[PDB]
Amino acid sequence: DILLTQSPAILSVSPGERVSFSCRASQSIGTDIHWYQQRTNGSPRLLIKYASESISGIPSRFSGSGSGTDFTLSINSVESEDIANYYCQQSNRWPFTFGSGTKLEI
Amino acid sequence: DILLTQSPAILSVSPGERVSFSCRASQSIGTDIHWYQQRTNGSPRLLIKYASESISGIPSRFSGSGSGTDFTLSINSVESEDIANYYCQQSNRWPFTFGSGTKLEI
Amino acid sequence: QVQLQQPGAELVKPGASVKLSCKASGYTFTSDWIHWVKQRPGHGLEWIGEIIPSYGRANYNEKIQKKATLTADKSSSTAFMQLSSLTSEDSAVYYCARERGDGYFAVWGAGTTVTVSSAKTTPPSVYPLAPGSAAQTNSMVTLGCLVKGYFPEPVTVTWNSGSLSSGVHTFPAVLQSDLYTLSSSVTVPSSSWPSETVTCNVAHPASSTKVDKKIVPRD
Amino acid sequence: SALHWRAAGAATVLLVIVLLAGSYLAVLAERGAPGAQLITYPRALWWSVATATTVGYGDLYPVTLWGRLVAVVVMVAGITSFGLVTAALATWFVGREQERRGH
Amino acid sequence: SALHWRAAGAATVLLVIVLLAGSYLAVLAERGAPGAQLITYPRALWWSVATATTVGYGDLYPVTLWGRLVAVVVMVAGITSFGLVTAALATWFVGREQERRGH
Ligand code: NA
Ligand code: NA
């Protein structure tokens, strides 16, 4: 079971700035990681698959970085619509595991 | 020689609750680990073989979790008969080694 | 189009069992995996299980107690989750997700808000909220409607059947004596109302009730 | 279209099916075992290719019984194929050597 | 029931015995060496299968002399078998090519 650790818990940033959410795995997992956005009352939404690869429909502001244990989700020009919880999810070994989550605040 | 570490030493819990004993190995051992129950004056009794696999005759309350270095033994609805020392034992590399032990208290 | 469909809410008595459904349209391959995720109020996401519908083999999270048992109907493309002997710790939103067998869960379900309590199902009481004749307005006018006396969560509130969306706040419910209570507000240009009709749509899936109420000025 | 050339083509065609089925079966067998790495179809595919060519990379190997049985089937099919090509090649060269000496 | 088909079957039968004995012997040789991984029978079995197919996974390999001698015996038996099948296959194809030209 891979332990994922998202630090810090709550992240506050200025509007229009760049932001970065970090997710660290308990052991090396390559690039087998996926990011999800979840707003209030809504269901989880896939942002970035396999560390860096982008999903169509997702804003070009979102971009993924990192390999091994250190992984980063970054947003350029943070706007109101980005206020949400953010989750990292690994797929390297069974079973699949999620991070604790990181809340974005503007 | 694989070092096994059982934290904490003494574990106290309410009756009917879920409990969890952790056993950490000095290095990655996969799933090659086994749990034993030993009451007062009695001899060791096998609970869970190979991390999760159950032995017949053993209560369905007992279930094993974990892979790599982090391993967990869990009991649902802890009752009087469960008060004992609990030992984890690895079989990944020679020689076989035991944990320090964890005593359950109600 | 919406791929995965789940019932909104499910009420269960403590100790009793419940089956949760999840049907899927669109591309439904043989290689597809339907997972189930648990989310407690104000908590993170928790993987519970997975099942391949074409073969029926299921896998469960052994870290937490195996409360669930997964089955799937082939002809209807629907996956099921049988949960039994539920406590207050089981009161959570349960999602189902489609995984192409390549790690990520591409499309998610709405979620089933399961509440474990002995109390009975109560339909909501919807009352409109119009500004008092004493109070004035400017360029914008704020309206609303009250939702009270219902059990359990949740309720879906939209304005003019969801067509009106910009400037709407739906406040979280408060629990008092086995009954929830919340409010939703809407801010429209002063010129529009009430010459143009404004109506909040409240849906309560647990009682299978949907009610509408048009906002009209006080006498 | 001689036997050995027919058989080699059949072996190559068969191998690809064994690879594809092998990837699919690996995933279905491995999922459920804690720590299992062969849990995604594209990963299992390249695992199969490696395994069919008798190549192993690190700890990229099945942990379950059936998963390891799949591995055996993949391996055998792999060796049989690349052994059958050699046999087919040998038959072609010996046939021409018979023509070379006018035999 | 020609020689090459008899010999291949004999090689395959023999290989399985070499595998089983090889698993058993590995465990008996490895236990005693500190850090040795080939200390359980089911593990040594799949080690043997890998080793017979000339596949090595990470550091899943014997550390003792006799353990490594067992490995040599397993390897040789493995290659001999899958070399004998090819030889048997080649004999079958060349025989049919002789029939193909009416020779
Ligand atoms: Na090799
Ligand atoms: Na290797």
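Residues numbered from 1 in each chain as written, not as in the entry; some residues may be left out. Chains lettered and ligands numbered in written order. Part of a larger assembly, values for the part shown. Heavy atoms only, no water.

## Focus on the coordination of the sodium ion (ligand 1)
- Distances from the sodium ion (ligand 1) to its protein donors, namely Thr-54 of chain D (O) and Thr-54 of chain E (O), fall within the range 2.6 to 2.7 Å. Taken together, the residues span two chains, with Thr-54 of chain D in the loop between α2 (41–52) and α3 (65–100) and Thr-54 of chain E in the loop between α2 (41–52) and α3 (65–100). (Donors = N, O, S within 2.8 Å, 3.2 Å for Na, K, Ca; no water. Helix = DSSP H or I, 4+ residues; strand = E, 2+ residues; numbered from the N terminus.)

## So, the pattern of salt bridges
- Applying the stated criterion to the full structure yields 21 salt bridges over all chains.
- For the salt bridge of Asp-59 of chain D with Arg-93 of chain A, the shortest nitrogen-to-oxygen distance reads 4.0 Å. With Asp-59 of chain D in the loop between α2 and α3 and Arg-93 of chain A in the loop between β9 (85–90) and β10 (97–98), this pair bridges two chains.
- Under the relative-accessibility criterion, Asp-59 of chain D is labelled partly exposed at 42%.
- Overall, the relative accessible area of 16% leaves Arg-93 of chain A in the buried class.
- Beyond isolated ion pairs, a larger network of salt bridges with shared partners links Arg-61, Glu-79, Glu-81 and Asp-82 of chain A. (Salt bridge = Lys/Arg side-chain N within 4 Å of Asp/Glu carboxyl O. Buried < 20%, exposed > 50% of the residue type's maximum accessible area, 1.4 Å probe, protein only.)

## Observations regarding the sheet that holds strand β1 (residues 4–7) of chain B
Residues and elements named next belong to chain B.
- Across the sheet, which stays open at both edges, the four strands sit in the order β1-β3-β8-β7 with antiparallel pairing between neighbours. Bordering the open sheet on either side are β1 and β7 (62–67), each of which pairs with just one other strand. Across the sheet, the mean angle separating the axes of adjacent strands is 20° when strand polarity is ignored.
- One ladder, built from four bridges, connects β1 with strand β3 (residues 19–25); its direction is antiparallel. (Pairing = 2+ DSSP bridges. Axes fitted to C-alpha atoms, helices over the stretch in contact; angles between N-to-C directions.)

## Observations concerning the interface of chain A and chain D
- Counting residues at the interface gives seven residues for chain A and ten residues for chain D.
- Interface of chain A and chain D: buried area, both sides summed, is about 830 Å²; carbon and sulfur atoms make up 49% of it.
- If you sort the residues of chain A by the area they bury against chain D, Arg-93, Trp-94 and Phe-96 of chain A come out on top, with a joint share of 66%.
- Counting across the interface, chain A meets chain D through two salt bridges.
- At the junction of chain A and chain D, the tally comes to four residue pairs in polar contact.
- For the side of chain A that touches chain D, the class distribution of residues is two nonpolar, two polar and three charged. (Contact = heavy atoms within 4.5 Å. Buried area = accessible area lost by both parts, 1.4 Å probe. Polar contact = N/O pair within 3.5 Å; in protein donor to acceptor, adjacent residues only side chain to side chain. Nonpolar A, V, L, I, M, F, W, Y, C, P; charged D, E, K, R; others polar.)

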